[PDB]
Structures are given as structure tokens and as C-alpha cells.
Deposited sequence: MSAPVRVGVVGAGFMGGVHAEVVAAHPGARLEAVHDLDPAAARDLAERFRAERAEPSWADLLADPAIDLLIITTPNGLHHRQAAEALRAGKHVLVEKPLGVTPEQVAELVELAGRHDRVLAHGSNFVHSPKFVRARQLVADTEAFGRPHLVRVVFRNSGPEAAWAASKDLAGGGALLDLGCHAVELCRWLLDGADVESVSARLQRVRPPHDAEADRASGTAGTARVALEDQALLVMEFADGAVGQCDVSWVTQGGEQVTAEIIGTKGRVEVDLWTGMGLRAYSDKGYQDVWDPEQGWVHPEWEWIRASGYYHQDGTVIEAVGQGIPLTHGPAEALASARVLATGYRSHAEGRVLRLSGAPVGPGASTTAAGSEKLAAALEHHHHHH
């Protein structure tokens, strides 16, 4: 039985807490957060063994097998490192690291300590995305993939820390792009990136990029687009399309639920938009990959099953983003080495 501690009790701490609570092969042992009231809140919502106000004490506890790190991005590196060094397995919310060396160093460290290190690329475990990838891999029907596009848009992060280079490590390209990139590669069966191009925008007044377009050229000839935004109203969008020589497939997470509803007021449990026509959500957490992701990690820690999607894939997406940032600066298409095509 896999004994889990959740580091950081904000939005994603809550998502992971729910999943763990529900997983028969695991137990929610601890909730930690710099703000101890937020940790208590959550230990209670999900019947965690305790709320741990102390980081040192959390790491020292020999009962905890696995930590899930859902703190701001700037902190991932330091805490994942500390947690591995304390002998705990770690799942870190994306971005696993704010730079490729940070990621490389964590992967290296996990090995030293013979630990499972996983990252929060949930959409790659989303049952509907998994299905989508099967269909593109159906060569008779689909042919050779030549285009993949992933769109991730919302009205921006609300936590202050996401506004700071020091705390967030990056703007919308890192927050959302990391996922879009990870998905583009995964959808094409781990395609090798040969070049990267990107432009960034600051749409909102004063600074981190709110909107970005990143484009990858892959070995097989295909091209991948990542279009992400902090600055799009009317509801979170997560979509993808893959186009081949013979087929197409299209995936829609938040408006592909099969539910529409209308009211003047707003419906009790329907985030946003509240009013008029909305697309209520059902099993959002499952649909998004979290149950499956966490289950994989739990099965990995519990019975040394290898991860289907490992932190090497985080290193690749980090290199892509780093190269994307540099491409924007220089106004050029670059190879992963930083060199101008």
C-alpha cells in the first residue's frame, strides 16, 4: 500500500489528493503547505492521515513512500532534489524543471537514489488522447502524419506567483507550452525534433509572455504547432488535431463532453463562463489523465513497473522550450543545440 504525501495544497494539490484518496492501492498520508490552514483544509476534505506543517519532518518520516509536488515552478527543482535525497519517490507537477539542466539534474539524482521520478504530463495519459494516438498510429487508415497542432488557452493563471520570473520560471510558453509540446511529440510516437521556431506576445499590460506560438519540425517531415494563451476568454480550451496523408483526427477536451446547458443566472457547480450557454463538465479529472497518470506512478512505486512516460520526456520538452525562447529572441529557426538552421 503506497503511502503518499502531497506537497502544496492549492489547486493541483487538491486534484492529486482526490485521486490518491480514491486509489485502492494507495493511502493519502500527509498534506503539506507553507500555509498550514490550506493544508489542514485539504487533509480534511480527503481524509488524509495528517496535515504536516513541517517540510523537514515530512521528508524525515519513514512512513511516506511518495511525494507529489504541486508548488510553484521555481520551487520544483529544490524540493524534488531534497525529497529524492531523503529517499522519497517523487511526482512533480509540470514543469518538472524551469530549465533543461534542472531537469537533467533531477533525473540523474533519482537514479543515484534508486527512485521513481515522474512528471505531471497528464494529458498524455488522458484516455481520449490515448485513443487519438491509436488512430493516428493506424497507418492503413491515417497514412503518414504530416501535421499535428495542439491548442491550450485560458484566461490566465490567477496565483500571483505565476506573474514572477523567479517563481514561475517563465510565462504562458512554459506553463502551457510544456504540455502542448509534450503532446505533439507523444501523438507522433516520440518524434525527434530537428528544429524549433517561436514568437511570443505580451497582450496584457506590464514581463512574462501571455501568448505564444511554437513550431517544431520533426525528423519524419512533419510539423507541429503549439498555440497557447493566457489571454483567451469564454472558457479553457484544450484541443488537438493530427493530419496525415490519408486521414485526420480531432480531439476536444473541454467542449467534447457531450453536455450543453443554458441559463440566465448560472448553474451551481459550473465554473466559467457562469451565464448563458455553457458546456458543463463530467469527470474532468479523469478525462484529463490524472487518475491514469497517478495510477501509473503508484503502480511504478508499488510494484516496480516501469513508467510508460518518463522524465526523459520532460528533458526533451525542456530543450524544446529553451530553444523556443531563444528562437523568439534571435528571430530565427534554431536546432536544439541553439544553432541557427
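Not built in the structure, per the record, are deposited positions 1 to 3, 210 to 226, 362 to 386.
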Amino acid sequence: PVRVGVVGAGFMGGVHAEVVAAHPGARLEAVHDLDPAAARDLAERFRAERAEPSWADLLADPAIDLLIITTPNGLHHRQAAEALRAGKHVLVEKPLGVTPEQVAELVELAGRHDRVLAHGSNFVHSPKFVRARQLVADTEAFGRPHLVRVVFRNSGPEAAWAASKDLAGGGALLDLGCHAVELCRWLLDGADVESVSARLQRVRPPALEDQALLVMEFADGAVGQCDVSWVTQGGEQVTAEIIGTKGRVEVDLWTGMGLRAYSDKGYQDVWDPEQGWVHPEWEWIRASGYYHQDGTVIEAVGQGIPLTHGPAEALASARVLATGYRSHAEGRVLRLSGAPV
From here on, numbers count along this sequence of modelled residues.
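Two stretches are in play, 276 to 284 and 35 to 43, and the higher mean C-alpha B-factor belongs to 35 to 43. In this crystal structure, the stretch out of 181 to 189 and 73 to 81 whose C-alpha atoms carry the higher mean B factor is 73 to 81. Per-chain ranking of the deposited C-alpha B factor places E105 in the highest third.
When the modelled residues of the chain are ordered by C-alpha B-factor, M257 sits in the lowest third. For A314, the recorded CA temperature factor ranks within the middle third of the chain's modelled residues. Sort the modelled residues of the chain by CA B factor and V98 lands in the middle third. Sort the modelled residues of the chain by CA B factor and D138 lands in the lowest third.
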